[PDB]
Structure formats: structure tokens, C-alpha cells
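Data first, discussion second: the structure below is written as C-alpha cells.
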Ligand SMILES: Nc1nc2nc(C(=O)NCC(=O)N[C@@H](Cc3ccccc3)C(=O)N[C@@H](CCCCNC(=O)OCc3ccccc3)C(=O)O)cnc2c(=O)[nH]1
């Protein structure tokens with residue numbers, strides 16, 4: 001019932017990855033909510049369960065497949081299926097716990113991790129921060145295999161956590177930010193794996209704050225500036241939505257849009 005988007009790391013190109021991310025965004029947003037040229041994800045409040053999730057089916061050169069489940073309200077990876085087993089991160093509330101029972105309903109084995117799925121927890125379990133975890137087609141290929149083999153004991157918990165970190169950034173963060181999609185496109189173009197620079201990390205950490213600042217802005221003007229980092233780690237101040245139009249592709253719903261105001 002939930003829409004499925006397919007991607008494979010096997011012979012992945014800039015174009016095939018671009019098509020994939022475009023398709024993910026298309027299934028995440030309805031077109032009902034666009035503010036300062038930037039689409040907003042569906043509001044969680046009153047969202048029917050039949051419209052709550054999308055599925056990302058990842059295949060690799062090793063002929064293995066995993067299916068990630070993404071929450072449409074924030075592009076969050078809530079869990080995955082590999083063959084006869086499904087695994088979900090610890091839900092942050094009771095409603096979300098009910099929501100995930102609607103995912104992978106025909107699967108033989110259902111597990112909920114005792115840990116939540118945020119970066120901080122995953123980095124703890126991985127024994128590495130995002131800044132030291134390589135991204136690219138190679139890492140993704142390896143991540144798909146690692147997710148696949150977890151249920152049989154082939155994958156240790158640090159490797160699994162690392163693999164989630166790779167998937168989340170190359171799928172969800174790329175969907176959220178054209179800038180991050182661009183950084184992944186470059187890695188694919190040259191088949192060169194590398195850890196994300198400070199511009200990537202600071203964008204990831206600031207997605208909620210940027211979403212709120214844009215949505216609460218006065219005609220696009222921020223009340224408070226947001227500090228980001230450049231590739232070299234130097235500070236970049238954001239005062240306005242304008243500079244973010246080429247950078248951010250999707251926002252999380254934070255508030256209702258203000259009336260148009262007739263002049
Ligand atoms: N698994 C996963 N983990 C992720 N973790 C992060 C992450 O830690 N980001 C660091 C950060 O500073 N996040 C901001 C911005 C942000 C990012 C992503 C989403 C919303 C907001 C924040 O305010 N982050 C919040 C925590 C928001 C957690 C949303 N959780 C969720 O929707 O759970 C759904 C569920 C249902 C069933 C089972 C299991 C999970 C905070 O720090 O207060 C991002 N994306 C993801 C992601 O897409 N998938």
C-alpha cells in the first residue's frame with residue numbers, strides 16, 4: 001500500500017542517484033505546502049495512517065536487498081526490513097509506536113530496538129562520529145550488506161549503527177538538502193568515499209531550526225540569525241530564506257503559514 005522507491009548501488013551514476021532522490025522527494029511532499037519557494041512536508045497532526053510512510057528499497061552489487069521505512073512528516077528512517085526480519089528504532093511516543101505496526105505487516109519476525117535512532121545514539125553505538133564516517137557509493141553498498149546480515153549475527157552493533165548513519169545521510173539528508181544531494185553526487189561521479197565536511201554536518205544539525213526560522217520569518221527575514229559552517233569550517237551567517245532556496249529542498253512542518261497581507 002505504501003509507495004516504494006527503488007535504488008541500487010550496483011553501477012550507480014550521478015543520474016541514477018539524482019532520479020532516486022527526486023523520486024523520494026516526490027513521495028514525501030504533496031505540493032499542498034510551499035513557502036518562499038521551499039516545500040514543506042505533511043503536518044503530523046491529522047495525517048491519516050495510510051499516508052504516513054514511504055518505502056525505500058535498496059539493492060546492491062552483492063545481490064542483496066533491504067527496505068527502509070521513512071516517515072513522510074520528517075523523512076526519518078524509522079526502521080528496515082531484511083528478508084524475514086524487520087527492525088524499528090525505539091519510538092519517541094505512543095502514537096509512533098502504533099504507527100509502525102502498520103509497517104512490514106507480513107514479516108515473520110518483528111523487533112523494536114531498545115535504542116532510539118537519532119545521530120547521537122547511533123554515533124555512540126558506532127564508536128565514531130559522523131565527521132569520521134565515510135560516505136559514497138562504496139559505503140552505501142557495504143551498508144546494505146551489513147543491514148542484510150544483522151539478523152544472522154554477521155553484523156556487529158557498531159557496524160550496524162555506522163551503516164544506519166550512512167543510509168540516513170545519503171537518503172534522508174540528501175532528500176532534505178539539495179546541497180547534501182550535491183555532495184553525494186560528487187562522491188558518486190568520482191567513485192571517491194569521504195566523511196562529511198562541516199558544511200554537511202551543520203546543515204544536518206540545523207534542519208529543524210532552519211525550518212522554524214523560515215516558517216516564522218517576517219516576509220523571509222529571520223528574527224535571529226542562524227550560524228552555519230563552510231566546507232573549511234569557517235562561520236556563515238544566515239539572515240534570510242533567500243540564501244537557502246538553493247540549499248534546502250524540504251522543510252519539516254513547524255507552524256501554520258501566515259495570511260498573504262493585501263497591499
Ligand atoms: N533514524 C534517523 N535518524 C535521524 N537522526 C537525525 C539527527 O539526529 N539529526 C540531528 C539533529 O540535530 N536533528 C534536529 C533536526 C531534525 C532532523 C530530523 C528529523 C526532525 C528534526 C532535531 O531537532 N532533532 C530532534 C529529534 C527529532 C527526532 C524525530 N524522531 C522521529 O520522527 O521518530 C520517528 C520514529 C517512529 C517510530 C519508531 C522510531 C522513530 C531533537 O534533537 O529534539 C536526523 N535524521 C534522521 C533520520 O532521518 N533517520
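The first residue you see is number 1, and the count goes up from there.
The header says X-ray crystallography, 1.5 Å.
Note: Cβ is positioned from N, Cα and C throughout, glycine not excepted.
Swiss-Prot has this to say about the protein:
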ACT_SITE  76  active site
ACT_SITE  119  active site
ACT_SITE  173  active site
ACT_SITE  176  active site
BINDING   76, 77, 117, 118, 119  AMP binding site
CARBOHYD  6  N-linked glycosylation site
CARBOHYD  232  N-linked glycosylation site
Sequence-ordered recorded positions from 76, 77, 118, 173, 176 with Cβ under 6 Å of an atom of ligand 1: 76, 77, 118
From 76, 173, 232: recorded positions whose CA lies within 10 A of residue 117 (AMP binding site): 76
Env. residues of AMP site, Cβ within 8 Å of mean position of 76, 77, 117, 118, 119 Cβ: 89, 116, 122, 164, 168, 172
Among 6, 118, 232 [recorded positions], residue with fewest other Cβ within 10 Å: 232
